[PDB]
Amino acid sequence: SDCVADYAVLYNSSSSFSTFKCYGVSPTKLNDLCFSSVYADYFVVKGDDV
Amino acid sequence: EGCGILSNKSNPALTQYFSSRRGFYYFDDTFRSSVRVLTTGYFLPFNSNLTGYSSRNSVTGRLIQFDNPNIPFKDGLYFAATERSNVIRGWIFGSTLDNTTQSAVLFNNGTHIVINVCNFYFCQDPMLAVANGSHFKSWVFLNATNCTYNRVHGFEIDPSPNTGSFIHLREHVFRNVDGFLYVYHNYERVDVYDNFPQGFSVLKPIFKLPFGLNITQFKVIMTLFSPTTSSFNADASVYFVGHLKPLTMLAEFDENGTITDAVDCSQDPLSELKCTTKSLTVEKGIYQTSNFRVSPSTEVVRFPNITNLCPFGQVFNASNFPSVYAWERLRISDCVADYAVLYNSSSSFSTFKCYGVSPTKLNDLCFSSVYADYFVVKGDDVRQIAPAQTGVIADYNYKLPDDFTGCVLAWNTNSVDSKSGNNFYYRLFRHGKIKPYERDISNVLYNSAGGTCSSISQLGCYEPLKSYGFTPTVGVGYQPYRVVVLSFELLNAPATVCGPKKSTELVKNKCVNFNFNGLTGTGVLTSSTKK
Amino acid sequence: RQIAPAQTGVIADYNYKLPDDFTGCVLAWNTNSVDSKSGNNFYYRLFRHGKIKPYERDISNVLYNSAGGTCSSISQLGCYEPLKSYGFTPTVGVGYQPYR
Amino acid sequence: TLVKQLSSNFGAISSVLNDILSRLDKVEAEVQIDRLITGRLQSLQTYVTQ
Amino acid sequence: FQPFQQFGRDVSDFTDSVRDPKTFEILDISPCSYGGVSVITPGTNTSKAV
Ligand SMILES: *[C@@H]1O[C@H](CO)[C@@H](O[C@@H]2O[C@H](CO)[C@@H](O[C@@H]3O[C@H](CO)[C@@H](O)[C@H](O[C@H]4O[C@H](CO)[C@@H](O)[C@H](O)[C@@H]4O[C@H]4O[C@H](CO)[C@@H](O)[C@H](O)[C@@H]4O)[C@@H]3O)[C@H](O)[C@H]2NC(C)=O)[C@H](O)[C@H]1NC(C)=O
Ligand SMILES: *[C@@H]1O[C@H](CO)[C@@H](O[C@@H]2O[C@H](CO)[C@@H](O[C@@H]3O[C@H](CO)[C@@H](O)[C@H](O[C@H]4O[C@H](CO)[C@@H](O)[C@H](O)[C@@H]4O)[C@@H]3O)[C@H](O)[C@H]2NC(C)=O)[C@H](O)[C@H]1NC(C)=O
Ligand SMILES: C=CC1=C(C)/C(=C/c2[nH]c(/C=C3N=C(/C=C4\NC(=O)C(C)=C4C=C)C(C)=C\3CCC(=O)O)c(CCC(=O)O)c2C)NC1=O
Ligand SMILES: *[C@@H]1O[C@H](CO)[C@@H](O[C@@H]2O[C@H](CO)[C@@H](O)[C@H](O)[C@H]2NC(C)=O)[C@H](O)[C@H]1NC(C)=O
Ligand SMILES: *[C@@H]1O[C@H](CO)[C@@H](O)[C@H](O)[C@H]1NC(C)=O
Ligand SMILES: *[C@@H]1O[C@H](CO)[C@@H](O)[C@H](O)[C@H]1NC(C)=O
Ligand SMILES: *[C@@H]1O[C@H](CO)[C@@H](O)[C@H](O)[C@H]1NC(C)=O
Ligand SMILES: *[C@@H]1O[C@H](CO)[C@@H](O)[C@H](O)[C@H]1NC(C)=O
Ligand SMILES: *[C@@H]1O[C@H](CO)[C@@H](O)[C@H](O)[C@H]1NC(C)=O
Ligand SMILES: *[C@@H]1O[C@H](CO)[C@@H](O)[C@H](O)[C@H]1NC(C)=O
Ligand SMILES: *[C@@H]1O[C@H](CO)[C@@H](O)[C@H](O)[C@H]1NC(C)=O
Ligand SMILES: *[C@@H]1O[C@H](CO)[C@@H](O)[C@H](O)[C@H]1NC(C)=O
Ligand SMILES: *[C@@H]1O[C@H](CO)[C@@H](O)[C@H](O)[C@H]1NC(C)=O
Ligand SMILES: *[C@@H]1O[C@H](CO)[C@@H](O)[C@H](O)[C@H]1NC(C)=O
Ligand SMILES: *[C@@H]1O[C@H](CO)[C@@H](O)[C@H](O)[C@H]1NC(C)=O
């Protein structure tokens, strides 16, 4: 909460996403959207469980 | 099993008969009651031609009669037989009917029903012999190898020959779709000798056999008879063969779900009237009937005189593709787009996504102008080569329009451009996104919050290009992939690249199916005077 | 990825074809540690005259003659074997490793 | 005004059935043939109504 | 039913009969409220009973 979602700063890192699926919105139209509340869930899976 | 041979046989007389209303079957398994259904499929048309094959023989004066040729299996068969005693016992299905291709047999052994799909070495005259009213021998094939399917059902018939006027009529239809062979059955008692009986009959399904077989030919197994001796002689029998055609019929169901009668559409104007109103009884008056008397069967295709193979070798098996920020365009024209020649190469595509067209309909469609863009990406950046994507590549290196018509190709090349000539770069740190089908080969030194730092040692100024760290013994992803993007353009311009279809001869004043550079349709062709 | 309705390739045209409006499910998993050691029994069919029908197969090992037919020997010009062997062996890249 | 409604996309890629059927496989064909069928049926309904 | 029948359909094409898989008997399916119901009222400002 209370932050600016700039996804361009992740390009400078050494990790590249092999999966960037988005549901209900478009990945291109994320710099123009403005959300009310967001949540994050993180874990580790087998690799073919993705 | 020791197949017998025949020395001299008379030439078959292909006398043609008429089938009155026979050759109808249950076309599905949906249960119905008191409804009239209009259905389309492969059926035997009414008042069609049936070819007869006889087998009778006398003691002297005439040669033996055994008419068992390779009847084609085009789209289906109507098999009707009017034998007395039991002479015709089963059929042979296959493509070449030799032991280099798999073939199927479905015949009555005498004490069993034998179904095998093996590599059969058939003899010249497949038969089975009986003697003194008992099952003596079966002489169908000689060798059978390399097969799995085998079904045997217990059954029993009487092999003793009789005399009379062909009291039995047994009829079947055969069709194979999606790897299943369908067998239908009907029986009734008639009294005819050398003519096809008239009437209306409905066939009921008994078999659905799951073998995937390329079936194009057909043969009939018969029976020989002896007066308890070594010499064998034939008996009187005859069967009829008809071919199924694509047409529409109307079926009527009663309250028990059986078919009482059917109407073959497009036979006479009376049946066409019943075919549109969906009723068997028509009140008096004048009615507007639809079109059914049209059977476009001829295919005419016209393609230009382009004959050279199209250069897939210098665009796939090349050396030193450029990096993604400096991708190159190639115009491809006046060639034949044969995609089957890429199967011979050692490289296999891990991405074959097409957007504006279907991948299967690429040998039939033709294009006015095509282009090719090729570069090298990181390996997990391949999913960014698509319409409406975001990332480093989709924003700063290579952008596709959202109204993209074409195909995207990609394959892993780790053994060729990971050891030497590793000068692959991608552009980071750009002020603004890139437009579709545009590139910027510029090495200006990037400064955040306003440009022109003019020195690398200052605070906040960085190089724009970052090197791919391509090296062997890394994981999938961080491994080089070669990407080719093909862009299609289908206009009213003359065609330049057209694929491998053999053109046929032009035909006029007939309802045919045409194809003029991927412009398939239906109609007649007539000489014009337009400009 | 060629085991799907409306696909093109070596498998989808000459080896195994799924019909359109196919109802069912397709399964796949990587098996590199069980069949890669002196197997030498996995082949695929190249060089066929015409495409395959859905749910059909042809187990034939006749010589293939390009632009013609009825080839005699392998030394005859324009004659090739129809079947080509998968080169399955351990320590190869993903995409060349066997899948069931 | 009824014969000129045949030149309408109705949300499909083209107003010609031959362009759709020659460029797309059979599975993807119905989802765009249905739009043309519904639009032409609606035009016929309207014409019968007036 | 037929020996291999499992459910029966209507001319409006909805299931009105089924065969129980355990005990081979034929049941009937009808909607649990079919037929109209009308409520007669005076004005709501006038009275309350219906
Ligand atoms: C075709 O090529 C041309 C030129 O080759 C391209 O034109 C360039 O376009 C980019 C962006 O459109 C432009 O970059 C800006 O330049 C400004 C100078 O005119 C910079 O001042 C600016 O950066 C800061 O300034 C803005 C105003 O202050 C801020 O809004 C901006 O976010 C930056 O501010 C940073 O710093 C402050 C400091 O406090 C901070 O508050 C901010 O949050 C932020 O961190 C831009 O970089 C180039 O100058 C243009 N080039 C030229 C020669 O004019 C054109 O884009 C190309 N076309 C295509 C389609 O690619
Ligand atoms: C079921 O099996 C049968 C037989 O096993 C099989 O029939 C075969 O079909 C193929 C292709 O349809 C035939 O191969 C072609 O035959 C023609 C002669 O008719 C040749 O001319 C062809 O060679 C070249 O021809 C042109 C040059 O003149 C070229 O433009 C062309 O590209 C060819 O290179 C070609 O060999 C084959 O002859 C028949 N076999 C028999 C015995 O008829 C049928 O296709 C199988 N069914 C299915 C669905 O697979
Ligand atoms: C080989 C294929 C073959 C088929 C498809 C076949 C089917 C078949 N044969 C039947 C009867 C019969 N089958 C035959 C004989 C034949 N009728 C034939 O289709 C052929 C080719 C013969 C060979 C002589 C006879 C004589 C009967 C009488 C059975 C009875 O008394 O009910 C019947 C009706 C009774 C039943 O369901 O068992 C069917 C469905 N029988 C076969 O033998
Ligand atoms: C497969 O078919 C071939 C030829 O059709 C068979 O080869 C013939 O076998 C007969 C045995 O009766 C020999 O007399 C011939 O000389 C052979 N050659 C030819 C050209 O006819 C072969 O036996 C069959 N069976 C197999 C290979 O198991
Ligand atoms: C990017 O990453 C580098 C280290 O790799 C770091 O020094 C730098 O501050 C980061 N940010 C920018 C804007 O360059
Ligand atoms: C019997 O066969 C031989 C050899 O094929 C032939 O010459 C002869 O004419 C045949 N007999 C008759 C009556 O046709
Ligand atoms: C059918 O048979 C008749 C004679 O019985 C013949 O005149 C006709 O040409 C045959 N073919 C067709 C298509 O009617
Ligand atoms: C076929 O019939 C013969 C006797 O005519 C019998 O010996 C044989 O076992 C039968 N075939 C099968 C598969 O049972
Ligand atoms: C074919 O069958 C015969 C018996 O009739 C047998 O002697 C021969 O070995 C068989 N052929 C093969 C290749 O096994
Ligand atoms: C076919 O038979 C031959 C020997 O006759 C054998 O070598 C081969 O493996 C068999 N192929 C199949 C698919 O059964
Ligand atoms: C229909 O089935 C019933 C019940 O088996 C039977 O009595 C009747 O004869 C059949 N046929 C007709 C035309 O009702
Ligand atoms: C190009 O083809 C040759 C043989 O024709 C092969 O040795 C080489 O590896 C290929 N290069 C590629 C696929 O990059
Ligand atoms: C396929 O590739 C081989 C070498 O791998 C080559 O000899 C042959 O000419 C190519 N073309 C055909 C049609 O076999
Ligand atoms: C199914 O199992 C139940 C449980 O005992 C039994 O009552 C019923 O008769 C069975 N139905 C069969 C065997 O068709
Ligand atoms: C109910 O009717 C009376 C009589 O006209 C009226 O005075 C009253 O306002 C009405 N009630 C409401 C809620 O309007």
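Residues numbered from 1 in each chain as written, not as in the entry; some residues may be left out. Chains lettered and ligands numbered in written order. Part of a larger assembly, values for the part shown. Heavy atoms only, no water.

Deposited coordinates in this entry are attributed by the record to cryo-EM, at a stated resolution of 3.0 Å.

As annotated in the PDB entry, chain E carries the name Spike glycoprotein and is attributed to Kenya bat coronavirus BtKY72. Listed in the archive, the entry goes by the title "Sarbecovirus BtKY72 Spike Trimer in a Locked Conformation".

The name given to chain D in the PDB entry is Spike glycoprotein, with Kenya bat coronavirus BtKY72 as the source organism.

Enquirer: Please provide a residue-by-residue account of helix α2 (residues 26–49) of chain D, values included.
Expert: Residue and element names in this part refer to chain D. The terminal C-alpha atoms of α2, which comprises 24 residues, lie 34 Å apart, in line with the 34 Å expected from a rise of 1.5 Å per residue. Maximal helix bending in α2 amounts to about 25°, located at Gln32. Every buried residue belonging to α2 is among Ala29, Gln32, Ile33, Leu36, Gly39 and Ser43, and all of these are buried. Looking at the buried side of α2, the elements it contacts are α1 (17–23). (Helix = DSSP H or I, 4+ residues; strand = E, 2+ residues; numbered from the N terminus. Expected span 1.5 Å × (residues − 1). Bend = angle between axes of the 7 residues up to and from the residue. Buried < 20%, exposed > 50% of the residue type's maximum accessible area, 1.4 Å probe, protein only. Contact = heavy atoms within 4.5 Å.)

Enquirer: Any details on the sheet that holds strand β31 (residues 512–516) of chain B? Residues and values, ideally.
Expert: Paired through backbone hydrogen bonds, the strands of a sheet run either parallel or antiparallel to each other. All names here are of chain B. Sheet architecture is open: three strands sit in the order β19-β31-β32, paired in mixed fashion. Because the sheet does not close on itself, it has two edges, and the strands there are β19 (299–302) and β32 (521–523). Ignoring which end each strand starts from, the neighbouring axes of this sheet average 30° apart. Here β19 pairs with β31 via four bridges, running parallel. Within the sheet, the bridge partner assigned to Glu299 lies in β31 and is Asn513. (Pairing = 2+ DSSP bridges. Axes fitted to C-alpha atoms, helices over the stretch in contact; angles between N-to-C directions.)

Enquirer: Outline empty space enclosed by the protein, listing residues and values.
Expert: Residue and element names in this part refer to chain B. Applying the stated criterion to the full structure yields three cavities of 30 Å³ or more. Taken as a whole, the largest cavity spans an internal volume of roughly 110 Å³. In this structure, the largest cavity is lined by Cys310, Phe312, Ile332, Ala337, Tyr339, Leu362, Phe367, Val370, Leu486, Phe488 and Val497. (1 Å grid on protein atoms, 1.4 Å probe; cavity = no way out; pocket = protein on both sides within 12 Å on 5 of 7 lines; lining within 4 Å. Points joined across faces, edges and corners; volume = space filled by probe spheres on them.)

Enquirer: Would you mind going over the arrangement of the chains in detail, with residue names and values included?
Expert: A comparison of contact numbers over the five pairs of chains in contact places chains B and C at the top. What separates chain A from chain E at the closest point of their C-alpha atoms is a distance of 35 Å, and the two make no contact. Over all C-alpha pairs, chain C and chain E never come within contact, reaching a minimum spacing of 21 Å.

Enquirer: Describe the side chain of C:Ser36, with residues and values.
Expert: Residues and elements named next belong to chain C. On the secondary structure map, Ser36 appears in the loop between α1 (10–15) and β1 (43–45). Side-chain polar atoms of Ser36 contact the backbone oxygen of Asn32, separated by 2.9 Å. Here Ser36 is in contact with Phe88, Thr89, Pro90 and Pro98, once residues within four sequence places are set aside. (Polar contact = N/O pair within 3.5 Å; in protein donor to acceptor, adjacent residues only side chain to side chain.)

Enquirer: Explain the state of the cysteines to me, and be specific about the residues and the numbers.
Expert: With the rule as written, the count across this model stands at eight disulfides over all chains. Each disulfide pairs two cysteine sulfurs, and for B:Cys310 the partner residue is B:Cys335, the sulfurs being separated by 2.0 Å. Separated by 25 residues along the polypeptide, B:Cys310 in the loop between β19 and α2 (313–316) and B:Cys335 in the loop between β20 (328–332) and β21 (351–354) bring together distant segments of the chain. Exposure remark for B:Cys310: the relative accessible area of 5% places this residue in the buried category. In this structure B:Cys335 comes out as buried when scored by relative accessible area, which is 2%. Disulfide pairing places C:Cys71 opposite C:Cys79 at an S-S distance of 2.0 Å. On the sign convention where negative is left-handed, the bridge of C:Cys71 and C:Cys79, at about -125° about the S-S bond, is left-handed. Given the relative accessible area of 15%, C:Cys71 is considered buried. The exposure class of C:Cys79 is buried, given its relative accessible area of 5%. (Disulfide = S-S within 2.5 Å.)

Enquirer: Provide a residue-level description of the side chain of B:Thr51, including the pertinent values.
Expert: Residue and element names in this part refer to chain B. Inspection of the secondary structure assignment puts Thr51 in strand β4 (residues 48–54). Accessibility expressed as a relative area gives 17% for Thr51, which makes it buried. Leaving out residues up to four positions away in the same chain, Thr51 has contacts with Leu14, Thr15, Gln16, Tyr239, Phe240 and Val241.

Enquirer: Before we move on, can you summarise the pairing of strand β17 (residues 245–253) of chain B with the specific residues and values?
Expert: Residue and element names in this part refer to chain B. Of all the nine residues making up β17, seven are buried; the element is thus mostly covered by neighbouring parts of the structure. Note that strand β3 (residues 36–43) and β17 share eight bridges and pair antiparallel. Bridge pairing in β17 links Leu38 to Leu250. Between β17 and strand β18 (residues 259–264), which pair antiparallel and follow one another directly, the connecting turn spans five residues, one of which, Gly257, has a positive phi of 85°.

Enquirer: Pulling in residues and values, what's your account of the nonpolar core?
Expert: Residues and elements named next belong to chain B. In terms of nonpolar packing, the biggest core is built from 51 residues, with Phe316, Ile385, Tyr398, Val483 and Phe488 touching the most fellow members. Taken together, the elements giving at least two residues each to this core come down to α2, β21, β23 (370–377), α3 (392–397), β24 (406–412) and β29 (481–487). Looking at this core, the element that brings in the most residues is β23, giving six residues. Counting 36 residues, the second largest nonpolar core, distinct from the first, contains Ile64, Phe93, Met127 and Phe211. (Core = buried A, V, L, I, M, F, W, Y, C linked by side-chain atoms within 4.5 Å.)

Enquirer: I'd like a description of the sheet that holds β18(B), backed by residues and values.
Expert: All names here are of chain B. Judged by pairing direction, the sheet is antiparallel, and its three strands sit side by side in the order β3-β17-β18 without closing on themselves. Each edge of the open sheet is held by one strand with a lone partner, namely β3 and β18. On average, adjacent strands in this sheet sit at an angle of 35° to one another, irrespective of strand direction. In the packing of helix α1 (residues 269–277) onto the sheet, contacts are made with β3, β17 and β18, and the angle to β18 comes to roughly 115°.

Enquirer: Which residues make up the packing of aromatic side chains, and what are the values?
Expert: Residues and elements named next belong to chain B. Evaluated as defined, the whole model comprises 46 aromatic pairs over all chains. Summarising the aromatic geometry, the rings of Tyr426 and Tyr468 are spaced 5.1 Å apart at their centres and angled 20° between planes, so their arrangement reads as stacked. Of this pair, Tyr426 sits in strand β25 (residues 425–427) while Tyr468 sits in the loop between β28 (465–467) and β29, placing them 42 residues apart in sequence. Accessibility classification places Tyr426 together with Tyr468 in one group, the buried group. Within the aromatic cluster, the residues linked to one another by ring pairs are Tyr53, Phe73, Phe79, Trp91, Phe93, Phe174, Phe218 and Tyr239. (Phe/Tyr/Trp six-rings, centres within 6.5 Å; stacked < 30°, edge-to-face > 60°.)

Enquirer: Account for the interface of chain B and chain C, with residues named and values stated.
Expert: It is common to report an interface's size as the accessible area lost on association of the parts. On the side of chain C, 20 residues touch chain B, which itself brings 16 residues to the contact. Of the roughly 1,600 Å² buried between chain B and chain C on both sides combined, carbon and sulfur atoms contribute 48%. When the buried surface of chain B facing chain C is broken down by residue, B:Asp178, B:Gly212 and B:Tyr343 rank first, second and third, together holding 32% of it. Here chain B is connected to chain C by zero salt bridges. Viewed at the interface, chain C and chain B are joined by three residue pairs in polar contact. (Buried area = accessible area lost by both parts, 1.4 Å probe. Salt bridge = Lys/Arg side-chain N within 4 Å of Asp/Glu carboxyl O.)

Enquirer: Break down the pattern of salt bridges for me, citing the residues and quoting the values.
Expert: As enumerated under the stated definition, the model contains 19 salt bridges over all chains in all. Across the salt bridge formed by B:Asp440 and B:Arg430, the nearest N and O atoms sit 2.7 Å from each other. Here B:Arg430 lies in the loop between β25 and β26 (446–447) and B:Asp440 lies in the loop between β25 and β26, a separation of 10 residues in the sequence. B:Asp440 gets classed as buried once you look at its relative accessible area, which sits at 15%. Among the salt bridges present, the one from C:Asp58 reaches C:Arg45, with a minimum N-O distance of 3.8 Å. Of this pair, C:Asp58 sits in the loop between β1 and β2 (64–65) while C:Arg45 sits in strand β1, and the two are 13 residues apart along the sequence. Since its relative accessible area comes to 7%, C:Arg45 is described here as buried. Residues joined in a network through salt bridges with shared partners are B:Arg427, B:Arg430 and B:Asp440.

Enquirer: Explain unusual backbone geometry to me, using residue names and the numbers behind them.
Expert: Residues and elements named next belong to chain B. Positive phi, close to 60°, is recorded for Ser266, a residue that is not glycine. With respect to the element layout, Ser266 can be found in the loop between β18 and α1. Using a relative accessible area of 33% as the deciding quantity, one classes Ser266 as partly exposed. A positive phi angle, close to 55°, is found at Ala449, a residue other than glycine. Within the secondary structure, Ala449 sits in the loop between β26 and β27 (461–462).

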